[PDB]
Amino acid sequence: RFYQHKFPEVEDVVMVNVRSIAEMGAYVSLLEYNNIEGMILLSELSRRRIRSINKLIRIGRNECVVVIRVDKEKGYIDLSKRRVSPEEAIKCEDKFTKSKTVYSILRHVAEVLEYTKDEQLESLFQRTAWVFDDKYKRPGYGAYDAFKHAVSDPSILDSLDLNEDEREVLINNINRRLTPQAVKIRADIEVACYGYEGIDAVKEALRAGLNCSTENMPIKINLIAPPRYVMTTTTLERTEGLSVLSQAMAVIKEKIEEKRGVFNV
Amino acid sequence: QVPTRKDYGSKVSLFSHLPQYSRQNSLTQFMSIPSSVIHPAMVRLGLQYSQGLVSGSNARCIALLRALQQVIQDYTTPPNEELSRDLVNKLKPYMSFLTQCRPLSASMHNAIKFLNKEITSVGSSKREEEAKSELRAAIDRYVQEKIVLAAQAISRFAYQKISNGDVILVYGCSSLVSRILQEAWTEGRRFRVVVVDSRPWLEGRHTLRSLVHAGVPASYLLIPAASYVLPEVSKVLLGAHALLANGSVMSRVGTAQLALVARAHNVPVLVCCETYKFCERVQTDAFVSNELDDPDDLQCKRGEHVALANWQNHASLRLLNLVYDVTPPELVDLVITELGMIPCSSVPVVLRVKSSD
Amino acid sequence: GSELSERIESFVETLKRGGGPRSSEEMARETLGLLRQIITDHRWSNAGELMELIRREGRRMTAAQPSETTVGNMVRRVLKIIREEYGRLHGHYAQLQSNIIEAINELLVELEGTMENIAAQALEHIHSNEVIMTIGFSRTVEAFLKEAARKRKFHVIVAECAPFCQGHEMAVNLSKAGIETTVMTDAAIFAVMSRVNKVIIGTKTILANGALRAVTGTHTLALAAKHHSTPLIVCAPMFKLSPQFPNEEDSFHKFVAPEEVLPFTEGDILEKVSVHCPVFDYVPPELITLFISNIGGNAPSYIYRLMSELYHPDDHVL
Amino acid sequence: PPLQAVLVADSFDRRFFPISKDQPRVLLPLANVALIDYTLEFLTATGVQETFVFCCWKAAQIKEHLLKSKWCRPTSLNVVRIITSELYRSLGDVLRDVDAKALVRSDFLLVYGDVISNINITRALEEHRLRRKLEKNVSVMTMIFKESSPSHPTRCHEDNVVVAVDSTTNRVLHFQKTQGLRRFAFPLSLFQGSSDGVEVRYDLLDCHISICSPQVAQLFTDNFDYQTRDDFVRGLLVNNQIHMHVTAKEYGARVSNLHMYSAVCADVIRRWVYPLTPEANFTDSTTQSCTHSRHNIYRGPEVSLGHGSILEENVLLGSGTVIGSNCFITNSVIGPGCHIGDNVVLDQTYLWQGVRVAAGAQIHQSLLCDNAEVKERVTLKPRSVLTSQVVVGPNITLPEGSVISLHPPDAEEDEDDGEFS
């Protein structure tokens, strides 16, 4: 499924779930093409004298296996750990996860006449995955398959338009599961000042409220905390953070000290 | 592959994790009687286990060894399934078959683990026939070195141990305790061996007959009166099937209580188990992994007025009989094996120094 | 980049408020997670000064909380394996830290595979229509009993240690799987011990004599079981082993506030009677029977081979 | 809602004399470490990041002693707010400062620097917070304060409390103290309002703990006629009702007079306050790291035991200590550097820094202080106090009470030491 070139290449990385363990080996079910079941191998679950059987593997979890060299009837389907010595691993976990999302939006194509039994799944997958080897980099294929469903970002979207363009996918499915992730943050303020340079500066505290209303775009200051208020920050961009920090510390670093007031973080 | 054997009569309330059989109906009442669903040597060894024909100590190991060598050294090597890895998974119906027949001695488990480890040691890169003959050479050198060289090595060492006039007892059915007896006897020695046995096997027979044909003076008493050998025993040879990793040993119904009544005098128990018998499964109680033979073999011959013929007429009476047992590691002190005379609790440290390190 | 000290100190400081977290092996999880970071920016030139840095910070981590060795055997574990890998390097610099963190990944898959192993080694003991006992609370022996609950039909009793009733909770928990357990009080550890058949226990730390160290009531349970000689199966994963001995100081046990056992509703009595309680007892090595362990079974005095391997004893004293 | 606290030093309804002259009333080392560290690790025990300790008395001393802790630096979850000796009198201008400087948003802990305890406070904190959110801020505060008997060493008659209260909705009615009363009478007008009934409870000892959300800043600065908290809450209880919670297990009490000093120093080593038990080494004092042993003794490092010195219940030593032979020491604490010579009998001695005891000396029920060359046969009796470098000699015995020192008017002693009466 997840790339129809099924039997993968020589010294690559993949992950796998282990549905059942054998008498001797541990025959694992690979998932980067539908329902085969591989194995494990002897020597390198380490690089020195470990030699044990069940303290590494669940009946149920995943891990980052590494392939050495697989052929067909030489029977060497390589599921082990060889030489991840400085090597990153979890790129393939994110490849796995994004391909699972690619499945999850396309396992339900499943149009409204409930035909779960067997619609030919390649009839809706294969033509929608076929031309997407546009560049050779497989992590580049990772960012390009992540680029595949952020549907407005490839607005050159031609080459087997299926339909008018993407009909059943773009009615709600492309649009339906954007899955944006954001964490609420609430960077505060505490500015005030006193004097007659403090009456100028309490005018300047009110226009500091005006100023973090209109200049650098902190949005929708509400009045819920009667001593001192809040300014909002939400990641659709995440680069509002350094701008808000630069301007609030420019306030504390040049604005308040010229007008002799009180403020900190 | 194979069906299972039906139950006969009733059972105790305790042992319902354990199946019971009969030898009045067996496995091959029904199945593929020209054996090609399963290899022929398997149904051979199975239905001669069902009448107890090879019920020995390491005799059972060598019986399954000849059966599996007649499996492997005529084995068709199919394509589209790999050189070394269509054997062991097709051997899963073999030992599940014999587990259905009458369950395994742990000796056969050690045989399974060794030929397992060796058929992994030859994979794909060699042609199947001379790889099969190298498997023959490996399994033959294995059983030869371990079984035979262990028997004569402990014969030389226990010949250095046992001296004149040592009146030693056996609970006798093996091919190692009577072995050590005869090839210690025939070198200028003297010791009055006594055998003990038990209902319903009534087995001391191979040992006592082989002693008398080897010319050793024998006596005889059965474990339901084992408190009459209670003072006069000088040492005791205990023939154990398996030897676990507590320090325990492992043999029949009739090494259960002679072990404790001869710990109750400081007469040093002496068990005989070679390097082949050091297992890894570790039990503690006596009903956990213990078989149960045919429960209507315990009847009486009192003219014809037997009590146990129509025992299914009335409501709640039962029968049972256990077969194997485990003794605790307090009692058992000295094992008879190769590298020395290792004691009880220090067993599995030998089992790690012949386990690929 | 030196924001590492604060969590060493937060970790020993939550080791001073009893010790966080609540359960048993999640302690091992958070400590090895905070032990794989001990060489992040913690840089050096040669292996000797790295060794002495593990010396100083490990000994202050162990002496900050001496009533728990689950951090101490792991810092001995990491110092052992790093001197092992340097010794395999020689026959100084480059390839060390990579193989270190790789070995840590190996053992951190191990310590979470533990309870699955002890759960899956748990049908080779138990029968039909007999009774069984356990004291205290550990989720390891809970995994044992829920496995055997999934496959057989037997009849548990639980006798509870009650300076604090840490045993009523499993006593209600075990009727959820439909066992029909019966709970007495700990006055009847001997009144029913004729009609027991077997008893399991969940240890906490096992010393380097094979002598365990468990909750209150286990010493009387072992030496009150051998007035029937029914065996004691101990539940004991391979991380909560200790290379320690009963002799280094006291506070081998752990003395807690004894308002667990006395109320403040008495009258005028509590001015003089000087109450005391540990939460932990000490049991002889020579009385328990076998391991249900993450290598399998072992005899209760075999343990020296494992401690020959796992801990290099010249730096067991550290 | 973040959680802070204020931490007053000392209410000057004064009971400590003359120990509050060189060292303060709050640097009172109960087991060889300052009592501020005990109450401060109560405040670090429950979770509070920032707290306010107020000082009035010789800023050089508490300044220097707060220059060598390890929460001097905010690496740990505390830094300490400390301020210096302008106009400070008692808790009155403390709360007037805390709503004039206005260092309060909501729900802070009001404790003196004189309570040591083990209540993880947050439970009734959130129950109080539920009572605020639900019912329109008519409930001012909640006090948690122990369940006990009418008979206990901590419920001595200085802070004896009876309260009358319902048990369903646990709002108090009378905070009537008992410093000398023995007939009791409750004004019956407030029982017809709750006809289903109302309990009375004497099973109480006040932990001096209670929380405060700054409504009481308003009800404290508006009403100047309340200064201490007790007439404050009685004035709350005559006009806003205040609530109650009865904790079950853990306790603390305020170490007011030396009676509570005896009871608490005999309870931390009878250990009713674990995690607090002084083997933990709360300071970075390698000159405090002590080793627990059977029946609650605590040997110090380089202890140098005297031969045959038998130990039974609840003792200590320090660092650099030399103890002599034949000591039947029970329920005591000893301090560091002590050259306590041979055949010195002790019983519940609370000995402090720098002492060198001479040979052949019973000491009994005492507590004494720095650089005291105490000498032969100084036999004492309950409630006896030596203090701060004054030297007694060949059996200048003392009776039950002993208000003595080296200062002339407070003591029973002139300029020189107590060698001759």
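We number chain D the way Swiss-Prot does; in order, the residues shown are 41-279, 285-466.
Structure method, as recorded: electron microscopy, 4.3 Å.
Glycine residues also receive a Cβ, built from the backbone N, Cα and C atoms like all the rest.
The ubiquitin cross-link annotation in Swiss-Prot covers D:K61, D:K103, D:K141, D:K217. According to Swiss-Prot, the phosphoserine annotation covers D:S130, D:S450, D:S466. According to Swiss-Prot, the phosphothreonine annotation covers D:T322.
Sequence features, as recorded in Swiss-Prot, placed on the structure.
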| residue | record | Cβ neighbours (10 Å) |
| --- | --- | --- |
| D:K61 | ubiquitin cross-link | 17 |
| D:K103 | ubiquitin cross-link | 12 |
| D:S130 | phosphoserine | 16 |
| D:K141 | ubiquitin cross-link | 10 |
| D:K217 | ubiquitin cross-link | 18 |
| D:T322 | phosphothreonine | 19 |
| D:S450 | phosphoserine | 24 |
| D:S466 | phosphoserine | 6 |
Q. What kind of secondary structure is D:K217 (ubiquitin cross-link) part of, going by DSSP in three states?
A. strand
(Q) Between C-alpha atoms, which of these recorded positions comes nearest to D:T322 (phosphothreonine): D:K103, D:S130, D:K141, D:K217? (A) D:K103
Q. Between D:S130 (phosphoserine) and D:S466 (phosphoserine), what C-alpha distance do you get in Å?
A. 38
Q | Length of the line joining the Cα atoms of D:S450 (phosphoserine) and D:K103 (ubiquitin cross-link), in Å | A | 25
Q | Length of the line joining the Cα atoms of D:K61 (ubiquitin cross-link) and D:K141 (ubiquitin cross-link), in Å | A | 30
(Q) Quick check for the class: what is the C-alpha distance, in angstrom and rounded, between D:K217 (ubiquitin cross-link) and D:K103 (ubiquitin cross-link)? (A) 37
Q | For D:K141 (ubiquitin cross-link): DSSP state (helix, strand, coil) | A | helix
(Q) What does the structure give for the C-alpha distance between D:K141 (ubiquitin cross-link) and D:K103 (ubiquitin cross-link)? Integer Å is fine. (A) 22
Q. For D:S466 (phosphoserine) and D:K103 (ubiquitin cross-link), what Cα-Cα distance in Å is obtained after rounding to a whole number?
A. 39
Q) DSSP three-state call for D:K103 (ubiquitin cross-link): helix, strand or coil? A) helix
